[PDB]
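*Asks:*
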Amino acid sequence: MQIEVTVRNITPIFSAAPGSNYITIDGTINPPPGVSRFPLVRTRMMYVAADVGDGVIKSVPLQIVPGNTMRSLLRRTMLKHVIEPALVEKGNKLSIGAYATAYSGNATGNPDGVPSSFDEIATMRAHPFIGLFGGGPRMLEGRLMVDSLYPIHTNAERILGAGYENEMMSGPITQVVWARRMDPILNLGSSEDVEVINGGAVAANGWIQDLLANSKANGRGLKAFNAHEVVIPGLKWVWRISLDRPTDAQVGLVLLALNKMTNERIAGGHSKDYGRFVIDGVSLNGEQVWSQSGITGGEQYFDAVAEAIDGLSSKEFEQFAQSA
Amino acid sequence: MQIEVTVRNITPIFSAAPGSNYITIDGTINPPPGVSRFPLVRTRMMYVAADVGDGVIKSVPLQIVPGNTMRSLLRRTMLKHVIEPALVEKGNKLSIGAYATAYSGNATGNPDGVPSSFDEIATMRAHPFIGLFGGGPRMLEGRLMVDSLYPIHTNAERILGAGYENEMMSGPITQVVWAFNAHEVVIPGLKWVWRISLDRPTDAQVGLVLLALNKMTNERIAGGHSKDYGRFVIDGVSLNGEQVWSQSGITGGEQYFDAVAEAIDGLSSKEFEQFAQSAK
Amino acid sequence: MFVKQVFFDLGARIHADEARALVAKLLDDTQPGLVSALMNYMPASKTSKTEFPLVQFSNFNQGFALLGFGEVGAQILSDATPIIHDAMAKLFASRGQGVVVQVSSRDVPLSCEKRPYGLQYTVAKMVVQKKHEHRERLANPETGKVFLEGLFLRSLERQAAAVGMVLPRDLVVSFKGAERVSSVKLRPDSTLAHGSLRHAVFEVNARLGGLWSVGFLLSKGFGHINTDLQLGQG
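Protein chains in written order, with the deposited numbering: chain F, 1 to 217, 239 to 345; chain G, 1 to 179, 246 to 346; chain H, 1 to 234.
Here's what the structure looks like:
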């Protein structure tokens, strides 16, 4: 079962690529030393083979949001607005391990050596939340295959073989966004502002001297300057959600998580409002089901997840999490 | 609550973008040779995917105020308008570290890698201001989300396509005001869209956002105070997709205001101290 | 090498010379040696050094600035800044409600290279006349022009040699004109005054890329402006 979630990003997308990268005042990502490099955390990039010129395929950059990131995102919306309301309406109580395994695939960092008995595999695989995301102490396989967010871009013409041939962006899709820290005690100005600090003006003054003693001279003070590379907004992305012999309840759960997908953020940089997005279209095995009012279609999936929400107990999450 | 406000600038707005840019004259903005250079300070420009070319989507240069600037602007407006005057009486005088944590993110740099206990996170994110603006030493998630200021532009119409069929802007969006060094600035007389969003809010938090929004027309956004730039007014605050603004102010959403007012009465210094101490 | 500027804001404007007098009078009872370092006194006596002043006080729109030239002068500012800040803090907390004193710091490198075209550099409040012979040169424009030429040049070479960097010795300067003529008093309510030029314009073929102080009474805060700020700027 194949799902293709085509979205447009309202705010810019920052999913931080690990790597202490550096930036100058105008471009030159990771310059040579002595040009006064500034710290730079770039957005997550996937190298991708692409048709660069006629007959030549090169490994080129393309900035993505990771499939692991949005696997955990889909699992998170699934659990916060469907699963947790079900377990509050029936009063079912999860354990610490059951909660942590339902959100993270494991209760501890040690998976168990034994494999689960086949009845437990069949019952858990049949269960929609467990089937979509496996794991646990006995390392269950899940039915969900969450692919990364590629933009609809020339670097992904080799990726989008079927469909999405139009709406192709030629140029780069990143902008460097600069954030500075400022010290408020440097910027306060007035003593009527410092009448709310206990200790008066002399305490604020003494902190100014601490920072002056740091300015002459490794406890970090304040007032840093940073840049972070972001993916530019308004561009169409594609999400691929593949399923592995799914029950109708698992697909209905995915569509239940998918309808509210917009409230959440496909990114990091929470405070900067990075990750806001609107779903342009959703296709089940290629068929378009998406409307402005969520998903229009797939009624057997919605009915199956309706009957699977009912009778969903905590004990499924408890038994799977419990280590041998 | 996905709060959205339109703000129209009445003076130029100059959110000075970092860059070593130089200008000669209005004909050429960045000269290839070194003839008659004059140092140029760009304000914020955000590249955007837009429909230029009648069907194809291309990155389009656009000019904004960053959401981190306006995040601190919201911070200072509520802190310097609501938190400070409600906080100054009944004692409850803030620590200077709690000050620095209120207006910046943290009190210091190098925040401690030990996380905070859940009771800490539960009562900080239930505080109207502390949970809005997270961080501190143990690095709280802030429920409040602040957008960048997009001018209501045909280059940004893919961002704001639903509610705005008309009042679209096309043509030039800047002009270089000289004073020698010349600063390229956004033209006065723009409608802008600001999106404030909140995930799982207590009513006092969004009430603080509304109290802050009411007194937002005092402070200048992205503006040199020497140049008196960034003056603006507010029309069109839509709360949850519904229009809750007038000339006198909000005139609606009285439960959020009632909750924030009770919350303001209950404001305490002790939760500021527990937000700001570095439990290293 | 580099020159350090440290800026102190008392909430009100204080002139550089009376700030120098105030800094002298504030820490006189205790911490005398730091004062000797700040004011370029002799190590043994109270009188000042005849060489270039590594540490010179300067104007600030909300108070006073300190300029330290070279590694030694920058170190003098580095060891002097917090004690000086603490002194104005206790002085301005003793009277009134109190004010909060805010600072800034900046390490500007100095540089020069010769260019085959003249460059317009203006200066403000630069002293020029100190003796009766200097008055006699100032009466006639022909003999006053070459005196101002030599004065501007020898000030450039002096602060070069003092900062520890080499200047090309083929520079040709020129003086166009000054807007006003005014006197400078060493101490208030003294009959002795010294002549000075206001908004003088000089033209040098080379470029200057740092803080460059010209003429007499440099530690009092006269005749220095930042050559980086004027550069390509009107």
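From the three backbone atoms N, C-alpha and C, an ideal C-beta is built for every residue, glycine too.
For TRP178/G, count the other beta carbons within 10 Å of its own beta carbon; 16 or more makes it buried, fewer makes it exposed. Which is it?
*Replies:* Here the question's residue 178/G lines up with position 178 in the second sequence. Classification for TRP178/G: exposed.
*Asks:* In the segment 179-194 of chain F, which residues sit with their C-beta less than 9 Å from some C-beta in chain G, listed in chain order?
*Replies:* Taking 9 Å as the Cβ-Cβ cut-off against chain G, the residues of the segment 179-194 of chain F that qualify are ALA179, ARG180, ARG181, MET182, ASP183, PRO184, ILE185, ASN187, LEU188, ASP193, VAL194.
*Asks:* Please give me, in chain order, every unbroken run of the alpha helix (DSSP H) with length at least 4 that falls completely inside the segment 101-128 of chain G.
*Replies:* The segment 101-128 of chain G contains these whole alpha helix (DSSP H) runs: 118-124.
*Asks:* Which runs of the beta strand (DSSP E), 3 residues or longer, sit entirely within the segment 6-70 of chain F?
*Replies:* DSSP runs (the beta strand (DSSP E)) wholly in the segment 6-70 of chain F: 21-23, 38-41, 45-53, 56-63.
*Asks:* Since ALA93/H meets chain F, which of its residues come closer than 7 Å, beta carbon to beta carbon?
*Replies:* Position 93 of the third sequence, counted from the first residue, corresponds to residue 93/H. The answer, in chain order, is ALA201, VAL202.
*Asks:* Taking all protein chains shown into account, decide if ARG169/H is buried (16 or more other Cβ within 10 angstroms of its Cβ) or exposed.
*Replies:* The residue labelled residue 169/H in the question sits at position 169 within the third sequence. Flag for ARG169/H reads exposed.
*Asks:* Would you kindly report the start and end of the unbroken beta strand (DSSP E) that includes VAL251/F?
*Replies:* To locate residue 251/F, count along the first sequence from 1; it is residue 230. Element bounds for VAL251/F: 246-252.
*Asks:* Could you name the residues of chain F that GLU141/G contacts, counting a contact when the two beta carbons are closer than 7 Å?
*Replies:* For the purposes of this step, residue 141/G is taken as residue 141 along the second sequence, with counting starting at 1. Correct list: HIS291.
*Asks:* Determine, for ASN239/F, whether the minimum Cβ-Cβ distance to residues of chain H falls below 9 Å.
*Replies:* Stepping through the first sequence from its first residue, residue 239/F is reached at position 218. No, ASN239/F does not count as interfacial toward chain H.
*Asks:* Starting from the beta carbon of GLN31/H, find every residue of chain G whose beta carbon is closer than 8 Å, and list them in chain order.
*Replies:* As a working mapping, residue 31/H is identified with position 31 in the third sequence. None at all; the shortest Cβ gap to chain G is about 26 Å.
*Asks:* Apart from the five residues on each side of it in sequence, which residues of its chain come closer than 8 Å, Cβ to Cβ, to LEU54/H?
*Replies:* By one-based count along the third sequence, residue 54/H stands at place 54. Counting only Cβ-Cβ distances below 8 Å, and skipping sequence neighbours, we find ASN40, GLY68, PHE69, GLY70, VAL72, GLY73, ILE76, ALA162.
*Asks:* For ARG37/G and chain H, any beta-carbon pair shorter than 9 Å?
*Replies:* Within the second sequence, the letter at position 37 stands for residue 37/G. Yes, because at least one Cβ of chain H sits closer than 9 Å to the Cβ of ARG37/G.
*Asks:* Determine the direct distance from the alpha carbon of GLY136/G to that of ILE121/G, and round the result to whole angstroms.
*Replies:* As a first step, residue 121/G is located in the second sequence; it is residue number 121 there, counting from the start. As a first step, residue 136/G is located in the second sequence; it is residue number 136 there, counting from the start. One C-alpha to the other measures close to 11 Å.
*Asks:* If the cut is a Cβ gap below 7 Å, which residues of chain G does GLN233/H touch?
*Replies:* On the third sequence, position 233 is the one that residue 233/H refers to. Correct list: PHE246, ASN247.
*Asks:* Using the Cα positions of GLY113/F and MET70/F, report the straight-line distance between them to the nearest angstrom.
*Replies:* For this step, residue 113/F is matched to residue 113 along the first sequence. For this step, residue 70/F is matched to residue 70 along the first sequence. Each residue's Cα considered, the two are about 28 Å apart.
*Asks:* Closest to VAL101/H by CA distance: which of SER111/H, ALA89/H, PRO109/H, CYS112/H is it?
*Replies:* Sequence index remark: in the third sequence, residue 101/H carries index 101 (1-based). Measuring from the Cα of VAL101/H, the nearest candidate turns out to be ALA89/H.
*Asks:* Below 8 Å on C-beta distance, what does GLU167/F contact in chain G?
*Replies:* Taking the first residue of the first sequence as position 1, residue 167/F is located at position 167. Simply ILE57.
*Asks:* Suppose contacts are defined by Cβ-Cβ distances below 9 Å. Is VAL326/G in contact with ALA270/G by that definition?
*Replies:* On the second sequence, residue 326/G is found 260 positions in, with the first residue counted as 1. On the second sequence, residue 270/G is found 204 positions in, with the first residue counted as 1. A contact, by the Cβ cut-off of 9 Å.
*Asks:* Should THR50/H go down as buried or exposed, given a rule of 16 or more other Cβ atoms within 10 Å for buried?
*Replies:* For the purposes of this step, residue 50/H is identified with residue 50 of the third sequence, where counting begins at 1. Looking at its Cβ environment, which holds fewer than 16 other Cβ atoms inside 10 Å, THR50/H is exposed.
*Asks:* Under a Cβ-count criterion, where at least 16 other Cβ atoms within 10 Å of its own Cβ denotes burial, should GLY34/F be classed as buried or exposed?
*Replies:* As a working mapping, residue 34/F is identified with position 34 in the first sequence. By the 10 Å Cβ count, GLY34/F comes out exposed.
*Asks:* What do you get for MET282/G, buried or exposed, if any count of 16 or more other CB atoms within 10 angstroms of its CB means buried?
*Replies:* Walking along the second sequence from the start, residue 282/G turns up at place 216. Buried: at least 16 other Cβ atoms inside 10 Å.
*Asks:* Taking just the CA atoms, how far does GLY223/H sit from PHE60/H?
*Replies:* Here residue 60/H is taken as the residue at index 60 of the third sequence, counted from 1. Here residue 223/H is taken as the residue at index 223 of the third sequence, counted from 1. Going from the Cα of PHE60/H to the Cα of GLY223/H covers about 14 Å.
*Asks:* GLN129/H and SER219/H - do their beta-carbons sit closer together than 9 Å?
*Replies:* Counted from its first residue, the third sequence places residue 219/H at position 219. Counted from its first residue, the third sequence places residue 129/H at position 129. Result no, Cβ atoms of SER219/H and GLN129/H do not sit closer than 9 Å.
*Asks:* If you drop the 5 nearest sequence neighbours on each side, which residues of the same chain put their C-beta closer than 6 Å to that of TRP258/F?
*Replies:* Here residue 258/F refers to the residue found at position 237 of the first sequence. Hits under 6 Å: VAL7, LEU149, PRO151.
*Asks:* Comparing alpha-carbon positions, which option in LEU186/H, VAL173/H, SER190/H lies nearest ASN205/H?
*Replies:* As a first step, residue 205/H is located in the third sequence; it is residue number 205 there, counting from the start. Taking only the C-alpha atoms, the option nearest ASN205/H is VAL173/H.
*Asks:* Under a CB-based cut-off of 9 Å, is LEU277/G close to chain F?
*Replies:* Stepping through the second sequence from its first residue, residue 277/G is reached at position 211. Closer than 9 Å: no.
*Asks:* Quick check: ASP9/H and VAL103/H, are their CB atoms within less than 9 Å of each other?
*Replies:* Translated into the one-based positions of the third sequence, residue 9/H becomes position 9. Translated into the one-based positions of the third sequence, residue 103/H becomes position 103. Yes, the pair counts as a contact, with Cβ atoms nearer than the cut-off.
*Asks:* Buried or exposed, going by whether 16 or more other CB atoms sit within 10 Å of the CB of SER190/F?
*Replies:* For this step, residue 190/F is matched to residue 190 along the first sequence. With fewer than 16 Cβ atoms within 10 Å of its Cβ, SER190/F is classed as exposed.
*Asks:* Let me confirm a value: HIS199/H is counted as buried when at least 16 other C-beta atoms fall within 10 Å, else exposed. Which label applies?
*Replies:* For the purposes of this step, residue 199/H is taken as the residue at position 199 of the third sequence. Exposed, because fewer than 16 other Cβ atoms sit within 10 Å of the Cβ of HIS199/H.
*Asks:* Give me the subset of the segment 49-83 of chain H whose CB atoms are less than 7 Å from a CB atom of chain F, sorted by chain position.
*Replies:* Here the close residues are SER78, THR81, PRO82.
*Asks:* Let's test the definition: count the other Cβ atoms within 10 Å of the Cβ of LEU40/F and tell me whether it reaches 16, buried, or not, exposed.
*Replies:* The residue labelled residue 40/F in the question sits at position 40 within the first sequence. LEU40/F should be labelled buried.
*Asks:* Please list, in chain order, the residues of the segment 6-33 of chain F that have any C-beta partner in chain H closer than 8 Å.
*Replies:* Those would be none; no residue qualifies.
*Asks:* Since I believe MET45/F is in contact with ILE64/F (beta carbons under 8 Å), could you give me their beta-carbon distance rounded to a whole number of angstroms?
*Replies:* Residue mapping note: residue 64/F aligns to position 64 of the first sequence, counting from 1. Residue mapping note: residue 45/F aligns to position 45 of the first sequence, counting from 1. Contact flag correct, Cβ pair sits at about 7 Å.
*Asks:* Is the beta carbon of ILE10/G less than 9 Å from the beta carbon of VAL299/G?
*Replies:* For the purposes of this step, residue 10/G is taken as residue 10 along the second sequence, with counting starting at 1. For the purposes of this step, residue 299/G is taken as residue 233 along the second sequence, with counting starting at 1. Yes, Cβ-Cβ distance for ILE10/G and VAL299/G is below 9 Å.
*Asks:* Taking all protein chains shown into account, decide if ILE13/F is buried (16 or more other Cβ within 10 angstroms of its Cβ) or exposed.
*Replies:* Within the first sequence, the letter at position 13 stands for residue 13/F. With 16 or more other Cβ atoms within 10 Å, it is buried.
*Asks:* Out of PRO128/G, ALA162/G, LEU264/G, point me to the one whose CA is closest to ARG143/G's CA.
*Replies:* Here residue 143/G refers to the residue found at position 143 of the second sequence. Checking every option, the nearest Cα to that of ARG143/G belongs to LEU264/G.
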